[PDB]
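Position one of the sequence shown corresponds to residue 17 (the deposited numbering), numbered consecutively onward. Just so you know, even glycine gets a beta-carbon here, dropped at the ideal spot from N, CA and C.
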Amino acid sequence: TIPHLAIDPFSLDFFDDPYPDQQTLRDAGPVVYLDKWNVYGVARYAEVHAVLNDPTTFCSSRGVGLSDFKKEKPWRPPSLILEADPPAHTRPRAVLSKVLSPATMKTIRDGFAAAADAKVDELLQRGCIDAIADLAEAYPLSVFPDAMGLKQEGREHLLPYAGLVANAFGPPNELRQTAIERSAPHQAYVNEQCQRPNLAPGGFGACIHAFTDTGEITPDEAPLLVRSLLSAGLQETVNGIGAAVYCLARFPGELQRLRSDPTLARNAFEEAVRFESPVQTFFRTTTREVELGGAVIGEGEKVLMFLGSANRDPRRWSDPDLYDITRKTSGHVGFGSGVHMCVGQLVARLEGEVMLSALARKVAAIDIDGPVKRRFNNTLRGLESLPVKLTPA
Ligand code: HEM
Ligand SMILES: CC(C)(C)c1ccc(C(=O)O)cc1
Ligand SMILES: [Cl-]
Ligand SMILES: [Mg+2]
């Protein structure tokens with residue numbers, strides 16, 4: 017009754033162009049079985065949304081990668097938020113929500129915007145730049161480590177550690193094996209920066225450590241909560257900003273609309289997150305037998321959610337394969353949905369908004385002027401290099 021498919025969603029060919037295979041996955045049925053990895057798959061919006069919003073049945077504490085923590089040891093100690101279920105998830109989640117709060121965003125917004133404007137001004141002096149290394153990577157690196165309270169030394173480990181974490185959610189393929197082989201220096205750096213003395217006053221990390229006396233978390237939980245922000249706090253936003261620049265380069269009519277109304281910056285970024293979904297896929301594990309999309313799934317089964325596919329499902333979206341900066345983007349699952357929905361999304365959206373606002377006000381044209389290079393990662397979609405010429409307004 018459930019269709020079996022041989023598509024490998026973690027193959028290099030799939031990463032190179034996932035969209036035809038994602039249509040095949042959607043159109044085969046609401047629930048498929050992926051014989052390559054012995055997991056269930058859901059690629060339509062409806063089932064992805066349903067799974068995300070039923071955490072009791074589709075749990076996260078057995079891992080949100082392929083590996084089942086009841087069967088195998090996690091490669092690093094489990095995240096106290098991403099890899100926890102309610103109720104243990106609840107109070108650490110509340111702490112991170114209050115650390116990355118609206119009030120915090122108000123404190124840091126003016127500086128984040130000034131740094132975005134300064135970066136675009138600097139790039140316009142060069143003209144021909146790499147929109148990944150010089151913009152999508154450089155701008156978050158110029159604001160987020162400082163906002164964390166990290167020292168200057170060792171920041172070159174941050175993006176490698178993030179890529180390692182994302183690769184480690186995948187199956188035991190070459191991408192994952194090589195990531196773990198290379199992991200030791202990045203992991204050593206990140207774990208050390210999680211200790212209270214290494215996080216500057218007033219930053220996100222210091223605030224986590226200050227939140228250890230309310231009955232929500234204890235002092236020995238704060239290092240791993242800092243680790244969560246150093247796992248997820250940079251590379252995903254880098255990919256989203258790079259995706260937005262890629263979209264504006266490929267769809268010049270949308271850059272023209274954005275220039276005419278820079279208040280579209282926040283939705284232009286949200287639409288880039290829907291369109292390119294930096295986090296492509298994520299797993300749950302069933303805790304009991306469940307009926308989903310007419311299929312009966314037993315206990316202890318891995319369920320692979322295709323977030324990027326859900327964000328391009330024509331059952332949910334009109335013209336899903338168009339980049340439309342005035343689209344009603346509410347409801348996309350690029351940040352997840354439900355109790356685990358990205359706790360850092362205010363930071364991501366702030367960074368993306370103020371960068372796209374700077375581009376909207378300062379740049380007249382964005383022309384690709386060199387070979388575009390994709391980065392392959394088991395979980396993340398993103399570019400390695402995006403040569404562009406920037407024309408000033
Ligand atoms: C465009 C950028 C980003 C994207 C696309 C993204 C995507 C996601 C997604 C899909 C989830 C849900 C995981 C799940 O349901 O299992 C998530 C959760 C999370 N994200 Fe983000 N994220 C981004 C930026 C950030 C930032 C800037 C931070 C930190 C400052 C962050 C920290 C986290 C954490 C800690 C969680 C776990 C929340 C929980 O389990 O309750 N992310 N993210
Ligand atoms: C952004 C993603 C969903 C990939 C993420 C979230 C949280 C963590 C953590 O370490 O808590 C790691 C990665
Ligand atoms: Cl680690
Ligand atoms: Mg090798």
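* To do: Going by CA-CA distance only, name the one from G186, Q361, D236, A265 that's closest to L250.
  => If you number the sequence shown from 1, residue 250 lands on position 234. That would be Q361, whose Cα lies nearest to the Cα of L250.
* Considering only the beta carbon of each residue, do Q296 and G316 sit closer than 8 angstroms? -> Along the sequence shown, read from residue 1 onward, the residue named residue 296 stands at position 280. Along the sequence shown, read from residue 1 onward, the residue named residue 316 stands at position 300. No, they are not a contact pair.
* Asked: Does the beta carbon of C144 fall short of 7 angstroms from some heavy atom of ligand 1?
  -> Locating residue 144 in the sequence shown gives position 128, counting from the first residue. No.
* **Contact set for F128: own chain, Cβ-Cβ below 7 angstroms, skip 5 residues either direction** => Counting from one through the sequence shown, the residue named residue 128 turns up at place 112. Cβ within range, chain order: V159, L366, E367, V370.
* **Touch test, the segment 207-224 against the segment 113-128, Cβ-Cβ under 8 angstroms, three pairs minimum** => The segment 207-224 is in contact with the segment 113-128.
* Asked: Whole alpha helix (DSSP H) runs in the segment 17-66 with 4 or more residues, listed along the chain?
  -> Runs of the alpha helix (DSSP H) lying entirely within the segment 17-66, each at least 4 residues long, are 28-32, 35-44 in chain order.
* **Between the CA atoms of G45 and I313 - distance to the nearest angstrom** => The sequence position of residue 313 within the sequence shown is 297, counting from 1. The sequence position of residue 45 within the sequence shown is 29, counting from 1. Straight-line Cα distance between these residues: approximately 14 angstroms.
* **Best match in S247, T230, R192, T234 for proximity to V206 [C-alpha to C-alpha]** => Within the sequence shown, the letter at position 190 stands for residue 206. Nearest Cα to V206 within the set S247, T230, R192, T234: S247.
* To do: Counting only runs of 4+ residues fully inside the segment 215-293, write out the alpha helix (DSSP H) ranges in chain order.
  => The alpha helix (DSSP H) runs lying completely inside the segment 215-293 and spanning 4 residues or more are 220-226, 238-248, 251-266, 268-276, 281-292, given in chain order.
* Report yes if the C-beta of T106 is less than 7 angstroms from at least one heavy atom of ligand 4; otherwise report no. => Position 90 of the sequence shown, counting from 1, holds the residue named residue 106. For ligand 4, not one heavy atom lies less than 7 angstroms from the Cβ of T106.
* Please report how far the alpha carbon of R42 lies from the alpha carbon of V349, in whole angstroms. => Residue numbering aside, residue 42 sits at position 26 when the sequence shown is read from its first letter. Residue numbering aside, residue 349 sits at position 333 when the sequence shown is read from its first letter. C-alpha of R42 to C-alpha of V349: approximately 16 angstroms in a straight line.
* Just the Cα atoms here: how many angstroms apart are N183 and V306? -> The residue labelled residue 183 in the question sits at position 167 within the sequence shown. The residue labelled residue 306 in the question sits at position 290 within the sequence shown. For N183 and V306, the gap between their C-alpha atoms comes out near 29 angstroms.
* Asked: Can you tell me where the beta strand (DSSP E) with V404 in it begins and where it stops?
  -> For this step, residue 404 is matched to residue 388 along the sequence shown. Where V404 is concerned, the enclosing beta strand (DSSP E) starts and stops at 403-408.
* Should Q203 be listed as close to ligand 3, given that the test is whether its C-beta is under 7 angstroms from any heavy atom? -> Against the sequence shown, residue 203 aligns to sequence position 187. Checking every heavy atom of ligand 3 against the Cβ of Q203, one is found closer than 7 angstroms.
* Relative to the C-alpha of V355, which residue among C210, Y35, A374, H105 is closest? -> Taking the sequence shown and counting its residues from 1, the one referred to as residue 355 is at position 339. For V355, the closest C-alpha among the options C210, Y35, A374, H105 is that of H105.
* Asked: Taking the alpha-carbon positions, what's the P201 to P239 distance?
  -> Counting from 1 along the sequence shown, the entry for residue 201 is found at position 185. Counting from 1 along the sequence shown, the entry for residue 239 is found at position 223. The straight-line gap separating the alpha-carbon atoms of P201 and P239 is approximately 18 angstroms.
* Is it true that the CB of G143 sits closer than 8 angstroms to the CB of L402? -> For the purposes of this step, residue 402 is taken as residue 386 along the sequence shown, with counting starting at 1. For the purposes of this step, residue 143 is taken as residue 127 along the sequence shown, with counting starting at 1. The answer is no: Cβ separation not under 8 angstroms.
* Less than 8 angstroms separating the beta-carbons of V80 and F299? -> Locating residue 80 in the sequence shown gives position 64, where the first residue counts as 1. Locating residue 299 in the sequence shown gives position 283, where the first residue counts as 1. Against a cut-off of 8 angstroms, the Cβ pair of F299 and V80 comes out as a contact.
* Residues near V47 in its chain [Cβ-Cβ closer than 8 angstroms; skip 5 each side] -> In the sequence shown, the residue the question calls residue 47 occupies position 31. Only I18, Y56, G57, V58, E63, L308, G309, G310, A311, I313 meet the Cβ criterion.
* With a cut-off of 8 angstroms on the beta carbons, I'd call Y155 and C263 a contact; round off their distance for me. => The residue labelled residue 155 in the question sits at position 139 within the sequence shown. The residue labelled residue 263 in the question sits at position 247 within the sequence shown. That pair is no contact at about 17 angstroms.
* Asked: Any idea which residues DSSP pairs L82 with across the strands?
  -> On the sequence shown, position 66 is the one that residue 82 refers to. None; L82 has no bridge partner.
* May I ask whether a heavy atom of ligand 1 can be found less than 7 angstroms away from the beta carbon of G249? => Counting from one through the sequence shown, the residue named residue 249 turns up at place 233. Yes; taking the cut-off as 7 angstroms, the Cβ of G249 has a heavy atom of ligand 1 nearer than that.
* Asked: Can you name the start and end residues of the beta strand (DSSP E) that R391 belongs to?
  -> The sequence position of residue 391 within the sequence shown is 375, counting from 1. Per DSSP, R391 belongs to the beta strand (DSSP E) from 389-391.
* Asked: With distances taken from CA atoms, which of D137, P278, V181 is nearest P408?
  -> Residue 408 sits at position 392 when you count from the first residue of the sequence shown. For the residues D137, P278, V181, the minimum Cα distance to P408 belongs to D137.
* Asked: Per DSSP, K318 forms a beta bridge with which residues?
  -> Position 302 of the sequence shown, counting from 1, holds the residue named residue 318. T301, per the DSSP bridge assignment.
* Asked: Of the residues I384, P387, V319, which one's Cα is nearest the Cα of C75?
  -> On the sequence shown, residue 75 is found 59 positions in, with the first residue counted as 1. Checked all of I384, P387, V319; the closest Cα to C75 is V319.
* Close Cβ partners of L139 (< 8 angstroms) along its chain, the five nearest in sequence each way excluded -> Position 123 of the sequence shown, counted from the first residue, corresponds to residue 139. Answer for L139: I145, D150, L151, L406, listed in chain order.
* Determine, using beta carbons only, whether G256 and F285 come nearer to each other than 8 angstroms. => The residue you call residue 256 lines up with position 240 of the sequence shown. The residue you call residue 285 lines up with position 269 of the sequence shown. Taking 8 angstroms as the Cβ cut-off, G256 and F285 qualify as a contacting pair.
* Asked: What three-state label does DSSP hand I382 in the structure shown?
  -> Stepping through the sequence shown from its first residue, residue 382 is reached at position 366. Three-state result, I382: strand.
* For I145, name the three-state secondary structure that DSSP assigns. => Here residue 145 refers to the residue found at position 129 of the sequence shown. Taken through DSSP and simplified to helix, strand or coil, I145 comes out as strand.
* For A100, which of helix, strand or coil comes out of DSSP? -> As a position in the sequence shown, residue 100 is number 84, starting the count at 1. Looking at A100 - three-state DSSP - the assignment turns out to be coil, as it is neither helix nor strand.
* To do: Report yes if the C-beta distance between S373 and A260 is below 8 angstroms; otherwise report no.
  => Looking up residue 373 in the sequence shown gives position 357. Looking up residue 260 in the sequence shown gives position 244. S373 places its beta carbon 8 angstroms or farther from that of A260.
* If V289 sits next to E153, beta carbons under 8 angstroms apart, how far is it from one beta carbon to the other, in whole angstroms? -> On the sequence shown, residue 289 is found 273 positions in, with the first residue counted as 1. On the sequence shown, residue 153 is found 137 positions in, with the first residue counted as 1. Rounded, the Cβ-Cβ distance is 17 angstroms, inconsistent with contact.
* Asked: Hey, is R198 close to ligand 3, as in C-beta under 7 angstroms from one of its heavy atoms?
  -> Indexing the sequence shown from 1 puts residue 198 at position 182. Relative to ligand 3, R198 has its C-beta separated by 7 angstroms or more from all heavy atoms.
* Asked: Regarding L280 and ligand 2, is the C-beta to nearest heavy atom distance less than 7 angstroms?
  -> Counting from 1 along the sequence shown, the entry for residue 280 is found at position 264. No, Cβ of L280 sits at least 7 angstroms from all heavy atoms of ligand 2.
* **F185 in three-state terms, based on DSSP** => Within the sequence shown, numbered from 1, the residue matching residue 185 stands at position 169. Coil, per DSSP.
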